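The structure under discussion appears below in the form of C-alpha cells.
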Amino acid sequence: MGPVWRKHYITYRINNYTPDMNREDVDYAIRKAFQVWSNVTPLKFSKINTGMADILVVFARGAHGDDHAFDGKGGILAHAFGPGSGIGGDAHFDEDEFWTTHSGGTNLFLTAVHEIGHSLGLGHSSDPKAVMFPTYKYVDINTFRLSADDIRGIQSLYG
Ligand SMILES: NC(=O)[C@H](CCC(=O)O)NC(=O)[C@H](CCC(=O)O)NC(=O)[C@H](Cc1cc(-c2ccccc2)no1)CP(=O)(O)c1ccc(Br)cc1
Ligand SMILES: [Ca+2]
Ligand SMILES: [Ca+2]
Ligand SMILES: [Ca+2]
Ligand SMILES: [Zn+2]
Ligand SMILES: [Zn+2]
C-alpha cells in the first residue's frame with residue numbers, strides 16, 4: 001500500500017553527476033532503470049533538464065540536507081522518498097560509494113531500479129531474488145529481470 005502517484009506521466013531530472021562514471025553512462029543507467037518499471041505499468045517517464053521534475057536524482061555525501069544522512073563507503077548506498085510533492089519521489093545516491101556500470105563497486109543501474117521502486121511507492125520484498133529485497137547484491141545486469149514479486153507489487157499500485 002502506501003502513497004502512489006496520481007498521474008501516469010512522471011518526469012525526472014538528474015540534479016548532478018557522480019564523478020565515478022562518465023555522464024552518458026549515468027544517463028543510460030537511470031533511463032534503463034525507469035524503463036524496468038514502465039515495462040510493467042501504465043507509467044511513463046520523461047527526463048527533463050529544465051523545469052519542475054517529479055523525481056529528482058541526486059548524488060550527495062553524508063549529512064546532505066534531509067533526515068536520512070549517509071554513512072560513508074558501504075552501509076546505506078542510497079535512499080528515496082515515496083510519492084509526494086517537493087522532496088517526495090526524490091532519489092539520493094551516496095557519493096561515498098564507487099558507482100559503476102558493472103560488478104565492481106556499486107552498480108548504479110541496479111541501485112536505481114531499487115530506489116525508483118521506492119520513489120513509486122514500493123516497500124521491501126522477502127524474495128531474495130527480488131530487486132526490492134532490502135540488501136544490494138550484484139546480478140548480471142545483462143540478464144536482469146524483475147522478480148514476479150516485484151511485478152505483483154508495482155502492478156498492485158498502478159493500473
Ligand atoms: N549490506 C549490503 O549488502 C550493502 C553494502 C555492501 C557493501 O559494503 O558494498 N548495503 C545494503 O544493501 C544496504 C543496507 C542498509 C542497512 O544497513 O539496512 N541497503 C541499501 O543500500 C538500500 C538501497 C539499495 C538496495 C539495492 C538492491 C537490492 C536488491 C537487489 C539489487 C539492489 N540497491 O540499493 C537502502 P534503502 O532500502 O533504499 C533505505 C534507505 C534508507 C532508509 Br531510512 C530505509 C531504506
Ligand atoms: Ca520530487
Ligand atoms: Ca554508504
Ligand atoms: Ca563516489
Ligand atoms: Zn537524502
Ligand atoms: Zn530499499
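Both counts, for ligands and for their atoms, begin at 1 and track the order of listing. In this chain, residues are counted from 1 in sequence order. Side chains included, hydrogens not; waters and symmetry mates left out as well; all remaining heavy atoms used.
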Rounded to the nearest 10°, what angle sits at the Zn ion (ligand 5) between NE2 of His64 and ND1 of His92? 110°
At what distance is the nearest protein heavy atom to atom 7 (C) of ligand 1, and which residue and atom is it? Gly74 CA, 4.3 Å
Contact check, side chains of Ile55 and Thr11, non-hydrogen atoms, under 4.5 Å: no
In the complex you have, is atom 23 (C) of ligand 1 within reach of the protein, judged by whether a heavy-atom distance drops under 4.0 Å? yes
Whether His68 has an N, O or S atom under 2.8 Å from the Zn ion (ligand 5): no
N/O/S atom of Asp20 inside 3.0 Å of the Ca ion (ligand 4), strictly under: yes
Distance-only donor-acceptor check, side chains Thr101 and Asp25, under 3.5 Å: no
Nearest-contact summary for atom 21 (O) of ligand 1 - protein heavy atom, Å: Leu77 N, 2.9 Å
Mind checking whether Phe109 and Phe144 have ring centres under 6.0 Å apart? yes
With heavy-atom distances below 4.5 Å as the criterion, would you say the side chains of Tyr9 and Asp54 are in contact? no
Which residue and heavy atom of the protein sit nearest atom 34 (O) of ligand 1, plus the separation: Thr111 CG2, 3.3 Å
Below 4.5 Å, heavy atoms only, C-beta onward: do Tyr12 and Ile116 meet side chain to side chain? no
Quick one: look up the protein heavy atom nearest atom 19 (N) of ligand 1 and list residue, atom name and how far away it is. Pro134 O, 3.4 Å
Protein contact of atom 38 (O) of ligand 1 - nearest heavy atom, named by residue and atom, plus distance: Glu115 OE2, 2.6 Å
Ignoring hydrogens, just give me the one of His118, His68, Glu97, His114 whose non-hydrogen atom is nearest atom 43 (Br) of ligand 1. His68
Residue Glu97 atom name (nearest to the Ca ion (ligand 4); N/O/S): O
Is there a heavy atom of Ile76 sitting under 4.0 angstrom from any atom of ligand 1? yes
Are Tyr136 and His114, when compared by the centres of their aromatic rings, separated by less than 6.0 Å? no
Take atom CG in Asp67; do more than 12 heavy atoms of anything else shown fall under 6.0 Å from it? no
Tell me whether atom 16 (C) of ligand 1 lies less than 4.0 Å from at least one protein heavy-atom position. no
Minimum-distance protein heavy atom relative to atom 3 (O) of ligand 1: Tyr136 O, 3.1 Å
Shortest protein heavy-atom distance from atom 35 (C) of ligand 1, along with the residue and atom involved: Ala78 O, 3.4 Å
Give the intermediate values and the outcome of side chain to side chain donor-acceptor pair (under 3.5 Å) for residues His79 and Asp66. CA-CA 11 Å; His79 82 97; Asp66 62 31; 3.2 Å; yes
Would you say that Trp99 contacts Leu77 through its side chain, given a criterion of any heavy-atom pair below 4.5 Å between the two side chains? yes
Please state which protein non-hydrogen atom is closest to atom 30 (C) of ligand 1 and give its distance, to 0.1 Å? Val131 O, 3.7 Å
Under 4.0 Å from any heavy atom of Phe133, which atoms of ligand 1 are there? 28 (C), 29 (C)
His92 and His68 side chains, donor-acceptor separation under 3.5 Å: no
Establish whether atom 9 (O) of ligand 1 and some protein heavy atom are separated by less than 4.0 angstrom. no
Under 3.5 Å side-chain donor-acceptor pair for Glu95 and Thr18: yes
Give yes or no for whether the N/O distance cutoff of 3.5 Å, strictly under, is met between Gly75 and ligand 1. yes
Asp96 near the Ca ion (ligand 4) via N/O/S, less than 3.0 Å: no
Any sub-3.5 Å donor-acceptor pair from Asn15's side-chain atoms to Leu56's backbone N or O? no
Please answer: with hydrophobic residues joined when any side-chain heavy atoms are less than 4.5 Å apart, are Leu108 and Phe45 in the same cluster? yes
Would you check if the Zn ion (ligand 5) lies under 2.8 Å from any N, O or S atom of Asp90? no
Among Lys137, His124, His79, which one puts a heavy atom closest to atom 37 (O) of ligand 1? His124
Can you tell which part of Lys73 has a heavy atom less than 4.0 Å from ligand 1: side chain, backbone, both or neither? neither
Regarding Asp27 and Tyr17, is there a side-chain donor-to-acceptor distance under 3.5 Å anywhere? yes
Shortest-distance N/O/S atom, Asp66 versus the Zn ion (ligand 5): OD2
Is it the case that over 12 heavy atoms from other parts of the model lie below 6.0 angstrom from the NZ atom of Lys129? no
Hey, does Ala80 come in under 3.5 Å of ligand 1, counting only N/O atoms on both sides? no
